[PDB]
Every structure is written in C-alpha cells, then in structure tokens.
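Every chain is numbered from 1 and lettered A, B, ... according to where its sequence line falls, protein lines coming before strand lines. Just follow the structure's listing: the first ligand is 1, and inside any ligand the first atom is 1. We use all heavy atoms of the structure for the numbers below, so side chains are in, but hydrogens, waters and symmetry mates are not.
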There are 4 protein chains.
Amino acid sequence: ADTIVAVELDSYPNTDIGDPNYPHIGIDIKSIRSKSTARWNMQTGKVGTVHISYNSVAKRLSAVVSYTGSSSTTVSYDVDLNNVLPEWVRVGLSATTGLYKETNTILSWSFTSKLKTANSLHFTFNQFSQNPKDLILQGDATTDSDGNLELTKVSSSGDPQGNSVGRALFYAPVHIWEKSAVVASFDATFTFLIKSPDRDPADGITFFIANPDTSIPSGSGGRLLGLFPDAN
Amino acid sequence: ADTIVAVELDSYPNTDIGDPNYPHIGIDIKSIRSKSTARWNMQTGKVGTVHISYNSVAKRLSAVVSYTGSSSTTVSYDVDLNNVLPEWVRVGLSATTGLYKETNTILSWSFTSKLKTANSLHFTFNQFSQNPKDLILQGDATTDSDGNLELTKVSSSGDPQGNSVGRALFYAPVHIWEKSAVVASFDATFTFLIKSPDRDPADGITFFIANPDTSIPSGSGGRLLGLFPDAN
Amino acid sequence: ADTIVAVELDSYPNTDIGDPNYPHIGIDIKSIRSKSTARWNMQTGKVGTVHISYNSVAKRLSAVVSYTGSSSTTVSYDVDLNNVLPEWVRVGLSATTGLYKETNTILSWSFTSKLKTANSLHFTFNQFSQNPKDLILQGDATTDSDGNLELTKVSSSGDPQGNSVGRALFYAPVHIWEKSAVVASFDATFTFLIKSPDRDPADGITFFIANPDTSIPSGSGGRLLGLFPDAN
Amino acid sequence: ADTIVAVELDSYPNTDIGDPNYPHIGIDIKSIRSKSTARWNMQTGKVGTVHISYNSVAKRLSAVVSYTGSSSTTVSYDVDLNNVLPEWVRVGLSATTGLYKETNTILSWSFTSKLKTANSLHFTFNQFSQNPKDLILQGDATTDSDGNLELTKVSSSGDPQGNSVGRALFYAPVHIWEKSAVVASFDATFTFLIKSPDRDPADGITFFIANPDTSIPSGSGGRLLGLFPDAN
Ligand SMILES: [Ca+2]
Ligand SMILES: [Ca+2]
Ligand SMILES: [Ca+2]
Ligand SMILES: [Ca+2]
Ligand SMILES: [Mn+2]
Ligand SMILES: [Mn+2]
Ligand SMILES: [Mn+2]
Ligand SMILES: [Mn+2]
C-alpha cells in the first residue's frame, strides 16, 4: 500500500478504531491509530492554524493547532522518519466527511523542506487559483471562487456534503533524506475553516507525507481520512 | 513553438545570427537575437555566479554575472513578461556545445517566485543528487558523482563533448502572473563552471522561462542554446 | 541633515510644496518633492498593502499600493541608491497628522535586504508587542493592545489626534552596499489602516531608508512626513 | 550574572570541570557543565559546519557538527527554553584560547527566529565586512581582510594567539517567546575553521543565546568559553 506519515486534526472520535473519546490531534505513523494524540477543543466556524515540524537530529515530529483567543493543542512523537518514509516523498492535505460532515476549507498552506548534505523547497499558497497547476487534486478536492481549497465537497451555498474525500498534493516531489545528508527538516503550516450543521462534525483534515505516487486508497473514506485502506 | 524568455551566457560570438563580436550575456525575448547584450569577460576554469531578477512593477528583467576577483557584467531589459509569457511556466537551465565545446557545469541553482494577489515558490539546489526527481532532465543533462548538474556531455575524465544539448527544468510549474495579482517577481541564482580545451569555447548556458510543456526544439543545438528552432 | 529615500503614501495634496492635486504615492529622493508620483485612490477604513523593491542591477525603485477589490497604484523611479544613500542605513516607517488627521496604523511590516559580494537581513512583524525591543520608536509612535503599531497618536476610543509625528526604525543597521558587492536588493511590505473623521485626511505614511543615526527633524511635522526639515 | 544557553564545540577536554575525556559538542544550560555531550572527531585545518535548532513545541534543542567526507556529531537536550531564557535575547558566537590555542574563524553565520502568536528575524553573513555595524564585537573578536570573523586573536601570518576571548552578537535583540505565542523556533548555522599548531588545541567555539545586555564575564577565558564566570 502507500506509506503515510500524517498529522490528523480528527474532529470525529471513533473509539471503535482507537480514537480517544474527544476531538483530538494525532501523529499517525503508517496507521490511523495515532502513535500520540492530544485533546482538541475543536471550534467550528472559527479559522484555525496548524504548524507541523520535524528535523532529523531531534527526531521529534510535532504539531500545534490554535485559534485566535484560544488555548493551543500540541502533540509530539519521537520518530526517525527516514525509518518510515522513502527519501523522496509528496506532501499533501487530506480531509473526509462521512454521514456527519464539515467543510474542510484550507485558506493558506505553506511548507519548507531542507536537506543539508543546503538544498531546500518552499511553497506558500495564500490564494488558491481556479486551476492550480502545482497541486495534484485528488477525489473531491477543488479550489473555489474565494481562492480557497475545498478538500471535501461543499455546495455553492457553502454547505458541506457528506461522504466526501479529497486530497491536495504539492506537484513536485520533496527530497527528505539522502545517504549524504547531515540533517533534514521540514515545517508546514496551514489555516483551515471547519464549519458544520452537525453537533458532531466528521471526519477530519490532515497534513501528510507519502510515497510520491500516493493516491486515495479504496475504502479510505470517513474515519480513515483518505489516507489508509483499513484501520490497522 | 515554445515561448521562451532567457538570460544567456553566450561564450561563442556568432555574428552571423546577430551576436556581438565577443562573449556576452544577453536577455532573449522569444528570439536568440538578444534584445539587450553586455560584453562578458568569460573566464574558463573559474566558478562564476549569475543572478537574474524581475518584478512586475519595475518591468525590468536584469542579470549580473561575476567571478571572484573580477568585474561583474550586467544586462537589463525593460519588458512586461506578462505580455510575453503565459501565467504558468516552467523554469530551467539550458546549455549547448557545438564543434567547439565547453563543460556547462552547474554547481548550485536557486529560484524564488512570488505572486501577491503572498504566494511563493522557492527551491535551492546546492548538491544535485544522482536521480533528481524534482528536475525534468532533457537531452544530455545528467547529475554527476560530485553532485553537480552537467547540462551538456562530459567524459568521466571530465572532458566536454561536442554537439551536446541538455536542459534541467524544475518539476513544478511556476505561477508568474494571474488576473488578480498586484505584483509578481522572481529571482534566480546559479553557479557554473565552464572549462574548455578550446581557445573559443562554445556555445553557452542559459536560465530560461517557458511554457510548462517546453522541450528541446529540433534544430536547436549549438548557437540556439537548446531554446529556439531557428535564429529569427 | 539626514539622508532620506522614501516611498510616501501621501493622503493630503499640498500643491504649495509640489504635490500633485490628489492623494498620491511618491518616490522621494532626498526631498519631499517626489521625483515620481502616481495618483492614489486612497480608501479610508480599508486595510491597504504596500510593496517596495529595488535592486542595484536594475537601479529602479518601485512601489505598489493596493486594497482588496480595488485597482493598484504603482510608481517607479530610476535611481542608483548607492549614489544617494550611505552603505549602512536604517529602515523605518514614518507618518504624520496635521490640522487634519488620520490614523497611521501599521498591522504588519516586513523587510528583506540582500547583499551579494549572499548576506541578508529579513524581519517580519505581524503582531507588534507592547515593548518592541527591535524597533526604535521615535516621536509619538507606540504599539497598541491589538498588536499594531500606531505611528501617530490615536485615543483609546481609536480616534486619530492632530499634529502628531511618529517613526519606527528597525533596530539593526542594514548593509545596502559595499565596495565588493555584485548586487544589492531590498523588498519591504507593510499593511496599513488609515481611518479619519476628515473629508481630507492628512498627512501620510512612509517607508524610508536613512543614515542609521536618523531622527525626526525639527519642523518636519505634517506635510514633511517626519522626514525632511523643509520642503526643498 | 548573565543567563546563557549555548551549543559548545569544545576542543579541549577539561575533565576537572566535568568535560568528558575527548573533544565534544555540548548543550550548555546556564552552566559550562554540559547537560548533554557527544564525542566530536575535531578536525583541524578543515572547514566544519554546525546547525542548531529548537522549537517550543518539541522542546528539544539540538545540534549537528560535520565536515566534508566525515561522520557528523549530534547532540540533543530536552528543554523548554522559555523556563531558562528571558523573552528577548541576543544571539552570538563565542570562542576562547588558553595556554594551548587554535583559530576560531567563522566563515559564515546565519540565524532564523520565528514567533507565531508569524513574526521572524533572519540574518545570514557569508562575508563579514571590515566594520560590521550589525554585530556587537566583544573582547578580541574582529573581522579580517578575507571577510571572516576572527573570534579570538590571530596574527597577520594567520597564527592563533593564546589567552584570547572574543564574542560576536547580532545587534538586534531577538524575540524568542511571549505571552501570546503559539510556537517559537530558531535555527542557526555557522561554518568555522579551527587551525592550531598544538596537538591539543584549546579551547572551543560556541553559538549562544543570552540576556540582551550580555558581556564577556570576568574570569571567563579558556575553558569557560567567554560565557560563564565560573565552572558551577
Ligand atoms: Ca476519527
Ligand atoms: Ca552565440
Ligand atoms: Ca502632502
Ligand atoms: Ca573544555
Ligand atoms: Mn484519530
Ligand atoms: Mn548571443
Ligand atoms: Mn507628496
Ligand atoms: Mn565541554
């Protein structure tokens, strides 16, 4: 299958597949069952920001999610990503809706990769354009007239549709390690707007890192965040 | 055909196609016949650096080439690149050898694009890896065991071959304008090592900007720098 | 006196000192009497953005001012700033009110300087803190509880006071040229919020570059933008 | 006294003050007695590179030192620097010689600080100029005709002098935390050239972070790296 590293913002607790019993952020290493989680005071209708970082000396993947005027949620996991991921990857965003639903609106996304053997890649998208040729849009992901990326289906009136799955991948492969590297790092930031008519919105949004040829696995909708074919 | 904007470092004067009678740098707008040139005191066997910039408010494309301990050469051309190039492009490097020849060794290459509607793309390659998945290598272009990019053919003993043509394009398309942009800019830097057994090395090296689907035109070897199918 | 290069956003036309008869942006080289102006459709109560750039090869200082949903204003002036400014400078923002007045609220400010002999300096302030130790606040300039920089006096109810003058300078000197430079460039961005009770707000806001020891000249209030001791 | 966080490159083992019995790199938190060390295969006469990073979510300060063709040395220490350092700091480099000596030549230094409440500061010095107005040079630190920073005394023939102490601080204070920060990070890189006539060169080189008003403590020469007044 694919090889996935993800930071999930998991709005829907699926205790049946190992979620804790609250919305949470999680570090996912080759499984939906997060290796580390933290409770997330999800706020619908408010714009949130997520920052993710890692460097290969610290071997600590971390993420922080916050909204204006609120406490941040943090999560960290000790991991050498070179033992998990291939040396060339694609970076992406994923989101899913299920029976319950939510918008998974990305307003901005930026990413920096460094590889000192200092090789680097940086992109920053604040306005997504109507046909973004440096993104590979998969499933239901589209950009809208407001210049936002809609990971999952929303109606023209701005209402989220159920059972949607969408991903956006930066077009260029990212070099995250190599045999002569002294140190590799990456940082990602996105802002996101989750709105929902539902008391329990579902399912979540991720930033992820995959084999470059990654595509939405069959059976990966809802709780699997468009990342994993099963909940192992 | 393709649409090309290039900064050439033209080592070989081909007065028959409008070159001035000396090595020169040039700004090429949809033609090998540079819209502006400056005389270049080409130094073989020394590492040189080229910096190219443009922003859409100034509407002035410029370049500077220097070596340590030497005078720099500068060239500028007033041009609104949105009247020349499509809004999505690829950026690349090209080089050619002819009957006379030279290495067209790139040691480092970096590029930054900005589009404020602040969207950006930045890459920097200081060590080119043995299979660079974020470059599209065309013609004879390869990376070598020293972690350099060889635009044109060199033997294992490091001797340049004649009648070579090679290009390297950054894999991701670059968004250089759009209908809602307030200002777009880009900057590129490369370092290069031209060595030659010849008293008149040929042919030259370029940084270029093209339609994303660009490929080496038929008939584009030698003086045409792997950019143009003819010398119109 | 000081040596000043500025981009003015001049809201108040003072035809008596050479202003054109409308709000305008201007490039000021050692004089309030702009070397180049463009008409500015000033919009009070809307957040605007200014981008300024220059590089030493192009020798073209330019600026663009825009608001969301509106046309941008651009201005350019051909100038070699090394013939104007010393090699070490400070960068700053200035603003003034007169009998008529306006807020000169800066919400964000960023600046990048490059000097390839690639030496660089970059700062970005999105939230100004209550005591910003990397700024030299002069005259009435203060930061407020919203994390904005108030160049000129505003009451706690948010009303602009008249006859105010304030400047904010980045604490560290900036190296903009030197004897061995091949190319020097800089870019600045700020966002600003000008609100006014007045049908003709006054006086304006600038980004400026000065001798490092610059201070508000005596007699520099109002139309002189806290930059110049007179209108020569 | 001062408050110091440092990454030391400690060439001289002073087992009497807690050094391990080999050259080593170390993370120093308010004491010369490193909280974490790693053995360093110091190579004199070869240019080395050090990268240091930290972010406040991971709470892990790390460093890596390498030379071309050699193994890197890494060291990490878990620490929340906001519990150690004040919110405003200066960043600097220090080096000392003793009875035994070494050059402490810095060829390049760069630093990036981020504070997302995304405020940032970045500098990069590849060529140090003859009078660097954005550095505060303390003790014997000077820049030389090659455009390098000599932290400790070297003769015009390039021979290191003994019992030297010098530091270079970036002129502007750096904001590393504040009450509303969601995440703060920093990265530093320097390259360095340690040459010595001695079989056991002394004493070492550091990157450090201090209260902004930091100055070379009395009694801080040699093993104390110009950082600490004693070896507690
Ligand atoms: Ca879930
Ligand atoms: Ca030619
Ligand atoms: Ca005026
Ligand atoms: Ca020691
Ligand atoms: Mn989960
Ligand atoms: Mn030519
Ligand atoms: Mn004016
Ligand atoms: Mn030690």
Side-chain angles (χ1 to χ4, degrees), chain A residues 6-28 31-40 75 96 202-206 222-225 227-228 231, chain B residues 6-28 31-40 75 96 202-206 222-225 227-228 231, chain D residues 6-28 31-40 75 202-206 222-225 227-228 231:
Chain A
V7 170
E8 50 167 73
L9 282 59
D10 196 332
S11 61
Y12 202 87
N14 304 94
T15 56
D16 39 316
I17 61 150
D19 280 351
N21 203 28
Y22 37 69
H24 55 280
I25 65 165
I27 288 158
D28 296 352
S31 169
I32 202 66
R33 303 184 181 246
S34 305
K35 298 291 175 204
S36 187
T37 62
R39 189 205 270 258
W40 171 47
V75 65
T96 50
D203 267 293
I205 243 168
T206 82
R223 65 247 266 147
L224 270 15
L225 289 343
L227 296 186
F228 299 104
Chain B
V7 170
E8 50 167 73
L9 282 59
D10 196 332
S11 61
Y12 202 87
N14 304 94
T15 56
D16 39 316
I17 61 150
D19 280 351
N21 203 28
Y22 37 69
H24 55 280
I25 65 165
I27 288 158
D28 296 352
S31 169
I32 202 66
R33 303 184 181 246
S34 305
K35 298 291 175 204
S36 187
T37 62
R39 189 205 270 258
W40 171 47
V75 65
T96 50
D203 267 293
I205 243 168
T206 82
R223 65 247 266 147
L224 270 15
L225 289 343
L227 296 186
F228 299 104
Chain D
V7 170
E8 50 167 73
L9 282 59
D10 196 332
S11 61
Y12 202 87
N14 304 94
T15 56
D16 39 316
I17 61 150
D19 280 351
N21 203 28
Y22 37 69
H24 55 280
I25 65 165
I27 288 158
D28 296 352
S31 169
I32 202 66
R33 303 184 181 246
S34 305
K35 298 291 175 204
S36 187
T37 62
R39 189 205 270 258
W40 171 47
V75 65
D203 267 293
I205 243 168
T206 82
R223 65 247 266 147
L224 270 15
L225 289 343
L227 296 186
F228 299 104

request  = Write down the atom of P23(D), the atom of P13(D), and the distance for their closest heavy-atom approach.
outcome  =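 Minimum heavy-atom contact is N-CG, 4.0 Å.
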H24(A) NE2 and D10(A) OD2 subtending at the Mn ion (ligand 5) (10° steps) =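 Reported to 10°, the angle equals 100°.
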message = Quick check: of its N, O or S atoms, which one does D19(D) have closest to the Mn ion (ligand 8)?
response =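 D19(D)'s closest N, O or S atom to the Mn ion (ligand 8) is named OD1.
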inquiry  = Can you confirm whether the side chains of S34(A) and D28(A) place a donor and an acceptor under 3.5 Å from each other?
reply    =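 Short answer, yes.
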key: Contact check, side chains of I27(D) and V7(D), non-hydrogen atoms, under 4.5 Å   =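 With C-beta onward as the side chain, the pair touches.
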query = Does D28(B) bring an N, O or S atom to within less than 2.8 Å of the Mn ion (ligand 6)?
reply =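 So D28(B) does not count as coordinating the Mn ion (ligand 6).
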key: N/O/S atom of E8(D) inside 2.8 Å of the Mn ion (ligand 8), strictly under   =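 Yes, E8(D) qualifies, because one of its backbone or side-chain N, O or S atoms lies under 2.8 Å.
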inquiry  = Any carboxylate oxygen within less than 4.0 angstrom of a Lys/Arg side-chain nitrogen, looking at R223(B) and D16(B)?
reply    =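 The answer is yes: the pair qualifies as a salt bridge.
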